[PDB]
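A short worksheet on the structure shown next.
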Amino acid sequence: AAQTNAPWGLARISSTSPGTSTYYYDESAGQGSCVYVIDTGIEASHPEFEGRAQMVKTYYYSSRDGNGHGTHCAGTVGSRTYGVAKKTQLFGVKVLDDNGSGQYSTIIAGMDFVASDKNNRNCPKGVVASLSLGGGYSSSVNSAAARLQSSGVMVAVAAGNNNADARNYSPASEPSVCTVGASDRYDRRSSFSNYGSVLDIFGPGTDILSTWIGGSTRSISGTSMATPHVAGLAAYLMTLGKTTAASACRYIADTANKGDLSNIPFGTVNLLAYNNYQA
């Protein structure tokens, strides 16, 4: 399948070169997979989600996304126009308030929630969790992310936006999950992207168009935007049967575009997520 005039990041993940604008992908499109977006919520009524998104859990007075961040990330996972895996099922877990903040205890509870809640959902092709959040190092936060991964969920987490080594941030620094840095449309490391040996992969993160609250769209930047590209890619590849939740991060690294990014610090992987789809 070909989506013309796609957002640059979608075109990038199906291309061996920057500078194109068509997204190519297998029509299975993540059908039968599920992606949890652990964030500020998801505006499931957005026409871009086509009835495939739903809120399943909140820790606050509403499950609605009063911020936009979670809706944007969910759109990059799975919206019809802005999403990588256009037929996946999206499940929202609201661990962040409408200012975008959340206590680590709530975030940990949300991760353990997903590890159990997947047993209440139909995801025959597999389960992914996208975590566009983080703060300073916490062994308890890292352990929660490790449990979620161990339970059979492909966990993708943002590296962070400090232009610093991600070893000092959580859940970015958890070795067993997939830690995602951000790149721009010219294949440069995004100016804000964290780096370091704990990163597994880069995805598009600068000037990413996606869904927003109020039935709208906007372009924003962050490792929060790169993470759902990788989460959606994992769901897509699992639906194709090419990998599993336990092996998808390694598979994405195995099959990435290699050595094509600029300003990658010595010791950080130079790997850009790529779907290897041959039309």
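Every residue, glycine as well, gets a Cβ built from its backbone with ideal geometry; the counts of neighbours run over all protein chains shown. No lab work stands behind these numbers, since they all come straight from the coordinates.
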Buried (at least 20 other Cβ atoms within 10 Å of the Cβ), within 19 Å of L10 (Cβ to Cβ), free of Cβ contacts under 8 Å to residues at least 40 places away in the same chain and among the hydrophobic types (A, V, I, L, M, F, W, C): is that true of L237 in this structure? yes
Sole residue being in contact with a helix residue (DSSP H, G or I) (Cβ under 7 Å, 6 or more places away or on another chain) and basic (K, R), chosen from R64, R80: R80
Which one of these does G215 not meet: (1) under 17 Å from the mean Cα position of the chain (by Cα); (2) at positive phi? (1)
Those residues of region 166-220 that are out of contact with any strand residue (DSSP E or B) (no Cβ under 6 Å at 6 or more places or on another chain), among the charged types (D, E, K, R) and under 23 Å from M111 (Cβ atoms) come to a total of 2
Is at least one residue of region 22-41 under 18 Å from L209 (Cβ atoms), surrounded by 18 or more Cβ atoms within 10 Å (Cβ to Cβ) and in contact with a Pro (Cβ under 9 Å, 6 or more places away or on another chain)? yes
Looking at (1) touching a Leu at 6+ places or on another chain (Cβ under 6 Å); (2) under 19 Å from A129 (Cα atoms), which is the only condition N270 fails? (2)
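Yes/no per residue for (1) touching a helix residue (DSSP H, G or I) at 6+ places or on another chain (Cβ under 8 Å); (2) farther than 24 Å from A235 by Cβ; (3) among the hydrophobic types (A, V, I, L, M, F, W, C):
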{"site": "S132", "(1), (2), (3)": "yes, no, no"}
{"site": "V153", "(1), (2), (3)": "yes, no, yes"}
{"site": "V157", "(1), (2), (3)": "yes, no, yes"}
{"site": "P171", "(1), (2), (3)": "yes, no, no"}
{"site": "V180", "(1), (2), (3)": "yes, no, yes"}
{"site": "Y195", "(1), (2), (3)": "yes, yes, no"}
{"site": "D200", "(1), (2), (3)": "yes, no, no"}
What are the residue pairs meeting all of these: first residue in region 255-270, first residue free of Cβ contacts under 8 Å to residues at least 24 places away in the same chain and more than 19 Å from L233 (Cα to Cα), second residue β-branched (V, I, T) and loosely packed, with under 14 Cβ neighbours inside 10 Å, Cβ atoms under 6 Å, and 6 or more apart or on different chains? none
Among the residues of region 59-88 satisfying the criterion of being within 17 Å of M225 (Cα to Cα) and of a type in the set (D, E, K, R), which is surrounded by the fewest Cβ atoms within 10 Å (Cβ to Cβ)? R80
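Would you mind stating whether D184 is within 22 Å of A11 (Cβ to Cβ) and free of Cβ contacts under 8 Å to residues at least 24 places away in the same chain?
Numbers: within 22 Å of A11 (Cβ to Cβ): yes; free of Cβ contacts under 8 Å to residues at least 24 places away in the same chain: yes.
Answer is yes for this residue.
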Pairs please, first residue from region 207-234 and among the acidic types (D, E), second anywhere and part of a strand (DSSP E or B), Cβ atoms under 9 Å, 6+ apart in sequence or on different chains. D207/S219; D207/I220
For region 59-72, check the following and say yes or no: at least one residue is touching a residue at least 40 places away in the same chain (Cβ under 8 Å), under 20 Å from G126 (Cα atoms) and touching a strand residue (DSSP E or B) at 6+ places or on another chain (Cβ under 8 Å). no
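Do the conditions hold for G75, that is, is it of a type outside the set (D, E, K, R), in a helix (DSSP H, G or I) and touching a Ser or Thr at 6+ places or on another chain (Cβ under 8 Å)? Even if it seems obvious, please write down each step before you answer.
Numbers: of a type outside the set (D, E, K, R): yes; in a helix (DSSP H, G or I): yes; touching a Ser or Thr at 6+ places or on another chain (Cβ under 8 Å): yes.
In short, yes.
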Test for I38: is it touching a strand residue (DSSP E or B) at 6+ places or on another chain (Cβ under 9 Å), closer than 25 Å to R64 by Cβ, part of a strand (DSSP E or B) and not charged (D, E, K, R): yes
